[PDB]
């Protein structure tokens, strides 16, 4: 394999010192499928390294999703457009990236309403959610009881529609339709 496409871990751990706790949570969520059981970003990166999934493209996509254009420039010499050329070319899935982005378009009041909608749909979720739960944590909670998955996000779309955020609802409906079409007629990132 070409080592050029694999940044060294030390270079990465140093990069991590630039992210705060919220950003760490978002990255851990992005690595949920590939790095199971991990609780720290360091663990997730090590797991990805072991699988040779921690490529230049993967890191660039992570930084782009986190909107850290400062780090894309300083660490990879890439402008926003340069980074966009790499989107969809790593292990990262459109499902996970979309969920992170939608979460960043919600304010605390909207997030609170969504958590309440979820607990009303399934009261069992109350023990997995609190007033400090982030959107990505709400998504994982829904996934863990089978309400949503990478192939089905209509429950979340419905919740967003109830919130009157038809714009976010539409992004999820369109994603589900795109994923369905890809699976059915192509047998995504």
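Residue numbers count along the first chain shown, from 1.
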(request) Determine, for stretches 125-133 and 151-159, which one has the higher mean CA B-factor as deposited. (result) 125-133
(request) Output the stretch having the higher mean C-alpha B factor in the entry; the candidates are 37-45 and 22-30. (result) 37-45
(request) Among 145, 139, 63, 54, single out the one with the highest C-alpha B factor in the record, please. (result) 54
(request) Comparing against every modelled residue in the chain, figure out the third that the C-alpha B-factor of residue 173 lands in (lowest, middle or highest). (result) lowest
(request) Taking the chain's C-alpha temperature factors as the reference, tell me which third residue 93 falls into: lowest, middle or highest. (result) lowest
